[PDB]
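Here is the structure we will look at, set down as structure tokens.
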Amino acid sequence: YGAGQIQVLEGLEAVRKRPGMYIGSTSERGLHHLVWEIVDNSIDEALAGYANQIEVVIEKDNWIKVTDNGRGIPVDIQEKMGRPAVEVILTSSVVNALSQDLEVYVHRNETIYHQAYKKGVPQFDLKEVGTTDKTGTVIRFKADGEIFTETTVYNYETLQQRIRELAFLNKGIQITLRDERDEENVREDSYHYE
Ligand SMILES: Cc1[nH]c(C(=O)N[C@@H]2CCN(c3ncc(C(=O)O)s3)C[C@@H]2F)c(Cl)c1Cl
Ligand SMILES: [Mg+2]
Ligand SMILES: [Mg+2]
């Protein structure tokens with residue numbers, strides 16, 4: 001329990017104690033804000049010149065999956081924490097703290113790295129699970145029903161409106177929204193402004 005790891009746990013406690021101060025509310029608006037917090041990272045990575053595709057999927061039981069083709073969150077052991085950079089970044093994430101479960105897959109160094117968390121707490125050390133010829137970041141998360149008491153069900157039209165807006169505002173980025181909650185009836189909208 002180093003000073004860094006203690007700071008992490010205190011940070012998770014603070015976010016879960018007063019979630020509304022971080023994401024505005026714990027209502028339906030707050031639930032959808034989780035998606036924008038993650039997608040904003042991918043947008044910045046695109047604007048920095050390293051990504052051009054973002055995919056948002058509403059998966060079974062209202063998991064959200066966000067994928068980009070950026071550089072991938074770094075996995076090198078950093079100086080401050082002595083932990084992989086990706087773990088440090090995600091253990092300070094408000095979305096992670098307010099999710100009952102969160103998973104990351106980083107495609108980087110021709111390797112796929114995986115870590116999972118519950119309420120921000122890593123469930124195991126970052127591990128290599130496969131290989132890849134792509135780079136990018138995949139985040140899957142399930143909003144915490146203890147925090148989001150009114151609803152944990154996403155509204156497709158709400159996500160659609162803002163995703164369309166984000167593509168219009170950030171030209172060149174292909175942004176795709178897909179609803180896979182009903183496997184028999186799957187909806188997809190893909191936006192790409194020139
Ligand atoms: C979905 C998603 N995507 C990103 C993301 O793309 N983050 C970038 C990845 C590249 N970064 C690098 N930092 C240092 C790098 C290096 O090579 O040293 S690459 C900056 C952000 F972390 C994040 Cl964070 C999330 Cl969450
Ligand atoms: Mg960033
Ligand atoms: Mg493009």
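Starting from 1 in every chain, residues are counted up; chains themselves are A, B, ... following the order of the structure tokens, and ligands are numbered from 1 as listed.
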Per residue of stretch 89-191 of chain A within 6 Å of stretch 59-74 of chain A, which atom pair is closest and at what distance in Å (one decimal), using only C-alpha atoms, listed by chain and increasing number, as a Markdown table?
```
| residue | atom | partner | partner_atom | distance |
| --- | --- | --- | --- | --- |
| A:106 | CA | A:72 | CA | 5.4 |
| A:107 | CA | A:72 | CA | 5.7 |
| A:108 | CA | A:72 | CA | 5.7 |
| A:135 | CA | A:71 | CA | 5.4 |
| A:136 | CA | A:72 | CA | 4.1 |
| A:137 | CA | A:72 | CA | 4.8 |
| A:138 | CA | A:67 | CA | 4.4 |
| A:139 | CA | A:66 | CA | 5.2 |
| A:140 | CA | A:65 | CA | 4.3 |
| A:141 | CA | A:64 | CA | 5.4 |
| A:142 | CA | A:63 | CA | 4.6 |
| A:153 | CA | A:62 | CA | 6.0 |
| A:180 | CA | A:59 | CA | 5.1 |
| A:181 | CA | A:60 | CA | 4.3 |
```
Using DSSP on the backbone coordinates, identify all residues within chain A classified as strand (DSSP E); present the result as a PyMOL selection string. chain A and resi 53-59+63-68+99-108+111-118+121-122+127-131+136-143+174-179+187-191
Rows by chain and residue number, chain A within 7 Å of ligand 3, shortest pair, only C-alpha atoms and all ligand atoms, as a Markdown table:
```
| residue | atom | partner | partner_atom_place_in_ligand_line | distance |
| --- | --- | --- | --- | --- |
| A:52 | CA | ligand 3 | 1 (Mg) | 5.3 |
| A:172 | CA | ligand 3 | 1 (Mg) | 3.9 |
| A:173 | CA | ligand 3 | 1 (Mg) | 4.8 |
| A:174 | CA | ligand 3 | 1 (Mg) | 5.5 |
| A:192 | CA | ligand 3 | 1 (Mg) | 6.6 |
```
Selected residues, C-alpha atoms, written as a PDB file, in the first residue's frame, please.
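Final output, again26.pdb:
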```
ATOM      1  CA  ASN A  52     -10.148   8.331 -37.295  1.00  0.00           C
ATOM      2  CA  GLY A 172     -12.996  13.404 -40.752  1.00  0.00           C
ATOM      3  CA  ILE A 173     -13.826  11.093 -37.831  1.00  0.00           C
ATOM      4  CA  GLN A 174     -16.080   8.139 -38.655  1.00  0.00           C
ATOM      5  CA  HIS A 192     -18.603  10.633 -41.401  1.00  0.00           C
TER       6      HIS A 192
END
```
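Using only C-alpha atoms for every distance, the candidate list A:100, A:134, A:93, A:105 yields A:100 as the residue closest to residue A:118.
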Set out as JSON lines a contact list for chain A and ligand 2 with a cut-off of 9 Å, giving each residue of chain A that qualifies its closest atom pair and distance in Å to one decimal, counting only C-alpha atoms and all ligand atoms, ordered by chain and rising residue number.
```
{"residue": "A:40", "atom": "CA", "partner": "ligand 2", "partner_atom_place_in_ligand_line": "1 (Mg)", "distance": 7.6}
{"residue": "A:41", "atom": "CA", "partner": "ligand 2", "partner_atom_place_in_ligand_line": "1 (Mg)", "distance": 4.8}
{"residue": "A:42", "atom": "CA", "partner": "ligand 2", "partner_atom_place_in_ligand_line": "1 (Mg)", "distance": 7.5}
{"residue": "A:43", "atom": "CA", "partner": "ligand 2", "partner_atom_place_in_ligand_line": "1 (Mg)", "distance": 8.3}
{"residue": "A:44", "atom": "CA", "partner": "ligand 2", "partner_atom_place_in_ligand_line": "1 (Mg)", "distance": 5.5}
{"residue": "A:45", "atom": "CA", "partner": "ligand 2", "partner_atom_place_in_ligand_line": "1 (Mg)", "distance": 6.4}
{"residue": "A:48", "atom": "CA", "partner": "ligand 2", "partner_atom_place_in_ligand_line": "1 (Mg)", "distance": 9.0}
```
For a test of reading the model, state the distance in Å between atom 19 (S, counted along the ligand's line) of ligand 1 and atom CA of residue A:109, rounded to one decimal. 11.3 Å
Write out as a PyMOL selection string the residues lying within 7 Å of residue A:127, counting only C-alpha atoms and excluding same-chain residues fewer than 5 positions away. chain A and resi 113-115
8 Å contact set for residue A:164, only C-alpha atoms, chain neighbours under 3 positions out, as number ranges by chain: A: 160-161, 167-168, 175, 191
